[PDB]
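Everything on this sheet refers to the single structure shown next.
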Amino acid sequence: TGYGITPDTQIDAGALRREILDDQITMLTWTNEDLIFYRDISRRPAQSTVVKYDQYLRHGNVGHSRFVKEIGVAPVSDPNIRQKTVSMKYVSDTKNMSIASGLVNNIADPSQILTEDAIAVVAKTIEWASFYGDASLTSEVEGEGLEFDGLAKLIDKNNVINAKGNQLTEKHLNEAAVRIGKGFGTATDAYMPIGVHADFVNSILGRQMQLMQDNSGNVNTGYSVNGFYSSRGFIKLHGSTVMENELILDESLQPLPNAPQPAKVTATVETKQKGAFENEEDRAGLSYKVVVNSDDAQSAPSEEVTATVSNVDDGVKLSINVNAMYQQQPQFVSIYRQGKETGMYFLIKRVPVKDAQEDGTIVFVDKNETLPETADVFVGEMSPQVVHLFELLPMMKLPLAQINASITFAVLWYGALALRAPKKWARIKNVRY
């Protein structure tokens, strides 16, 4: 009031006559441009039913048999198997504008800030849909609304485990490049996260020292590493800055979301008291922290291996984390994710396994793998004949019908990601950040 002002909290019950100011928004987040794997994947349409056919070769029999005197035996050529892969439908849109707050005075808003929020949220859910989730066998056998994953199905012989999270020693990349060698192809790219492509620089390499006749003072230091080449020359387009699963919001940011429509918090996983049979050393005991119930159609337990087990490479496997799932229908729970321990050290959770759901009673999960560090980096050949993204209908927006004098709103399809060469690509696990 009166004379003298500031800092004064502008309630006019706390204040005087003076006129506050305001600005243009400044986005600190993942942007749209900052997505990469979704930017470079080549894309062709699948005009189809949600399925389609992919026709795929494996070759003849040569050996000591065929060995040439007069005639052969049975010139049976090939299997040529065929493999479908389904499309998937994943618009995620709850958009609203109160005709009140669309018509008042604004900041540049909203129906541009909304379309951005949409096209961004879906077109991120694409590449995240590419890097992790397979079709998790759901409440009962079928596909699911989840995109049959880009790199989960890949793993057959190409995942070179780093027995513990270690550096990228440039020997591993070489190994994944000869693995993709025997698959008749030459790995041209690499990806994810930016918490490796640094620690592949600041930890290991770039420590050549040039102590020369060299001027005092002004000179650079350090090293910036792209264009690695081993068997065959390539680039690492790398450092997405995106991980969703890897860092679980199961941290203190854990928030029940309307436990009405959020399936009931899982029974805090039955404590293993881990017994040592399955491949492992003799680990410690294991503890459990009651879960924080999660979004539409998923419940996620927490702990895995807690106290003493974590001295290097004991391969300590929490024996039975038995998740007792009891739910009143909200969305009958499907994926019950065991998101493993805080880390040996820096306490924020991680995500070892999304396990599709069957027992007939409590889910059973043995453990040790991948646990817990930021891990993957994905090397292989991106080229329209190898990693290929099927767009049933491109991203569109359709309006909807009004009831509450709000306005609903939507974006639309993407479809699925199909490999033509499930062996010509490679992913290595348990790197570090």
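Under my numbering, the first residue of the sequence shown is numbered 329, with each subsequent residue one higher. We put the beta carbon where it would ideally sit given N, CA and C, even for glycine.
Determine the closest residue to residue i out of the options, with distance taken between C-alpha atoms.
| i | options | result |
| --- | --- | --- |
| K695 | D527, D642 and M520 | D642 |
| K682 | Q411, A480, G688 and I447 | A480 |
| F674 | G461, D421, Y761 and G561 | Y761 |
| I435 | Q352, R371, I663 and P658 | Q352 |
| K492 | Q730, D610 and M672 | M672 |
| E468 | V661, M710, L699 and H716 | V661 |
| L465 | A684, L717 and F718 | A684 |
| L575 | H525, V679, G534 and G550 | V679 |
| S734 | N424, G461 and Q656 | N424 |
| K592 | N621, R748 and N649 | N621 |
| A587 | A515, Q495 and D624 | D624 |
| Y742 | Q589, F476, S568 and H500 | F476 |
| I756 | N433, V506 and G534 | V506 |
| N607 | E697, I489 and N502 | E697 |
| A729 | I663, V488, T422 and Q656 | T422 |
| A612 | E598, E632 and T596 | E632 |
| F556 | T497, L482, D368 and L699 | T497 |
| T549 | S559, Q536, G561 and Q541 | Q536 |
| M723 | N502, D362 and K452 | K452 |
| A746 | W358, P335, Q383 and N360 | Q383 |
| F459 | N360, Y519, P403 and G332 | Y519 |
Given a cut-off of 9 Å, decide if residue j and residue i are closer than it, judged by their beta-carbon atoms.
| i | j | result |
| --- | --- | --- |
| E701 | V759 | yes |
| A628 | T594 | yes |
| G478 | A457 | yes |
| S376 | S439 | no |
| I508 | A754 | yes |
| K751 | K510 | yes |
| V691 | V650 | yes |
| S630 | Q666 | yes |
| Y551 | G534 | yes |
Nearest-angstrom Cα distance between residue i and residue j?
| i | j | result |
| --- | --- | --- |
| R410 | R386 | 11 Å |
| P727 | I447 | 14 Å |
| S531 | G513 | 30 Å |
| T354 | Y418 | 29 Å |
| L646 | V401 | 54 Å |
| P521 | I348 | 42 Å |
| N494 | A652 | 34 Å |
| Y381 | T736 | 36 Å |
| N433 | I441 | 15 Å |
| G471 | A463 | 6 Å |
| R394 | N408 | 21 Å |
| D368 | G388 | 35 Å |
| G561 | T516 | 7 Å |
| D527 | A428 | 50 Å |
| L584 | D406 | 55 Å |
Across which residues does DSSP place residue i in a beta bridge pair?
| i | result |
| --- | --- |
| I489 | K757 |
| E598 | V650 |
| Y557 | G561 |
| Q666 | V681 |
| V691 | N651 |
| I409 | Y384 |
| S627 | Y664 |
Check: Whole alpha helix (DSSP H) runs in the region 499–526 with 4 or more residues, listed along the chain?
Finding: 499–510
Notebook entry, point to check: Counting only runs that start and end within the region 705–760, where is the beta strand (DSSP E) found for 3 or more residues in a row?
Noted result: If we require 3 residues or more, the beta strand (DSSP E) runs fully inside the region 705–760 come out as 705–708, 715–719, 745–747 and 753–756.
Notebook entry, point to check: Can you list, in chain order, the stretches of the alpha helix (DSSP H) that have 4 or more residues and sit fully within the region 339–386?
Noted result: 365–368
Note to self: Threshold first: 4 residues or longer. Then list the alpha helix (DSSP H) segments lying entirely within the region 396–481, N to C.
What the structure shows: 427–431 and 439–459
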